[PDB]
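S.K.: Provided hereafter are the protein sequence and its experimental coordinates.
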Amino acid sequence: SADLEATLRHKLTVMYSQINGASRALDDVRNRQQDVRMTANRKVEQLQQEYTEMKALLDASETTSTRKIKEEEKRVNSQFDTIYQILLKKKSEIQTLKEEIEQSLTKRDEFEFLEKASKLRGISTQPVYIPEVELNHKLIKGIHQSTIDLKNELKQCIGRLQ
Amino acid sequence: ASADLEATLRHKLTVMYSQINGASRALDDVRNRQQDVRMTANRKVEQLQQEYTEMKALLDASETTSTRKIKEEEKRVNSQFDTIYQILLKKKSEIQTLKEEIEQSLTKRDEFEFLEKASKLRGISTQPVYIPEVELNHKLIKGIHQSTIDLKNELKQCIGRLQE
């Protein structure tokens, strides 16, 4: 009769323990869930680094190429600077001989002219000669294409990994 | 005599005067070839620059497209745990309820009340709950992580030879 009530009392006690078992288990799951979140982020942060480091490498080759192009630009515009120099001289010197020859025929009838005149006939001049210079187009093309040949091979790697 | 000389000079002067303009035209010519050289260089930098921008867009996809794949798995697994939590909470509740019921019932002291509360307790499991093991798929993740390294290295090696 009253055995039933006392069984219930004891059961109550066991229940209390089951509840905690459940509460431990619930906390346990919430914690395995965080661990999982941590390990994910970890691996994302890891793969994020690769790409950063990839970008550093691309950024070098880009700069290193750019410079190679600019070095050529500079190479060539230097040659022209040297040609410019040479041409200005040619101009001013020819200018001087014009000025000489002209002011010589100022005084055509002095006896001294026939002497000065024949001297100036020996002083001949000639046009200015731009030599052929240009940007090395094979070198540049070579690069431009070649950086494409990278893009495409980077594309094809992103292929097989993904 | 002096007839011929002066006339030679006249002709010379006009050869010269014209060569002076040749020289000024030649000077303008080089300044213009220099701009052209500047324009063509810049073009080619600006073009080289675009490749790399486009390269970066491609790297930026794969990166995000991989990241998602990892996050999708995270979600996959935390969903399984959500389902386990659900199972466990429902257990806790059924028990906690029946404790509260049985408890306030001992106020009243009806041995039928008891028989009933006894039969309710027979329909509640007495065993632990079975947490199965849920794991992030490690092959899938390693697979990626290493594989993005396998990219870095092959991108490095392209940049090598495609730069010497």
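M.R.: Yes, it's here. Numbering: from 1, shown residues only, chains lettered A, B, ... in the order given.

S.K.: Can you report how many residues lie near residue A:129?
M.R.: Residues contacting residue A:129 under the criterion other C-beta atoms under 10 Å in any protein chain shown number 10. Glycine gets a C-beta too; all of them are placed from N, C-alpha and C.

S.K.: Next: residue A:136.
M.R.: Residue A:136 has 11 neighbours, counted by other C-beta under 10 Å.

S.K.: Roughly how far does it sit from residue A:64?
M.R.: Plainly put, residue A:136 is 17 Å away from residue A:64 if you go by C-beta to C-beta, to the nearest Å.

S.K.: likewise residue A:116?
M.R.: When distance is defined by C-beta to C-beta, residue A:116 is 63 Å away from residue A:64.

S.K.: Those two: which is more packed in?
M.R.: With other C-beta under 10 Å as the criterion, residue A:116 and residue A:64 differ in neighbour count, and residue A:116 comes out ahead with 16 against 11.

S.K.: right, and that one touches residue A:105 too?
M.R.: No: the pair formed by residue A:116 and residue A:105 falls short of the contact definition of C-beta atoms under 8 Å, at 9.7 Å.

S.K.: Now do the lengthiest helix in chain A: which elements does it pack against?
M.R.: Of all segments of type helix in chain A, defined using DSSP state H, the longest is helix A:3-104. Secondary structure elements in contact with helix A:3-104, counted by 3 or more C-beta pairs under 8 Å, 6 or more residues apart in numbering or on different chains; DSSP states H and E, are helix A:111-121, helix A:137-161, helix B:2-108, helix B:111-122, helix B:138-161.

S.K.: Out of those, which gets nearest to residue A:55?
M.R.: Between residue A:55 and these, the tightest spacing by C-beta to C-beta is seen for helix B:2-108, at 6.4 Å.

S.K.: For stretch A:67-84, which outside residues touch it?
M.R.: For stretch A:67-84, the external contacting residues (C-beta atoms under 8 Å, 6 or more residues apart in numbering or on different chains) are A:130-131, A:133-136, A:139-140, A:143, B:27, B:30-31, B:33-34, B:37-38, B:41, B:44-45, B:48.

S.K.: what do you get for stretch A:26-45?
M.R.: B:67, B:70-71, B:73-74, B:77-78, B:81, B:84-85, B:88-89, B:92, B:131, B:134, B:136, B:141, B:144-145.

S.K.: at 7 Å what do you get?
M.R.: Taking C-beta atoms under 7 Å, 6 or more residues apart in numbering or on different chains as the criterion, the residues outside stretch A:26-45 that touch it are B:67, B:70-71, B:74, B:77-78, B:81, B:84-85, B:88-89, B:136, B:141, B:145.

S.K.: and the gap between residue A:114 and chain B?
M.R.: From residue A:114 over to chain B the distance is 6 Å, taken as C-beta to the nearest C-beta, to the nearest Å.

S.K.: cool, residue A:6 as well?
M.R.: From residue A:6 over to chain B the distance is 10 Å, taken as C-beta to the nearest C-beta.

S.K.: Please name the residues that touch residue A:161.
M.R.: Under the criterion of C-beta under 7 Å, 6+ apart, the contact list for residue A:161 reads B:147, B:148, B:150, B:151.

S.K.: and with 8 Å instead?
M.R.: Shown in contact with residue A:161 (C-beta under 8 Å, 6+ apart): B:62, B:147, B:148, B:150, B:151.

S.K.: go on, residue A:13?
M.R.: With C-beta under 8 Å, 6+ apart as the criterion, no residue contacts residue A:13.

S.K.: Compute the number of surrounding residues for residue A:32.
M.R.: By other C-beta under 10 Å, the residues close to residue A:32 number 19.

S.K.: again with residue A:44
M.R.: For residue A:44, the tally of surrounding residues (other C-beta under 10 Å) stands at 18.

S.K.: Just give the nearest non-adjacent residue to residue A:90, would you?
M.R.: The shortest distance from residue A:90 to any residue other than its chain neighbours is 5.1 Å, reached at residue A:128 (C-beta to C-beta, 6 or more residues apart in numbering or on different chains).

S.K.: Pretty sure that neighbour sits against residue A:88.
M.R.: No: in this structure residue A:128 lies outside contact range of residue A:88 using C-beta under 8 Å: 9.8 Å.
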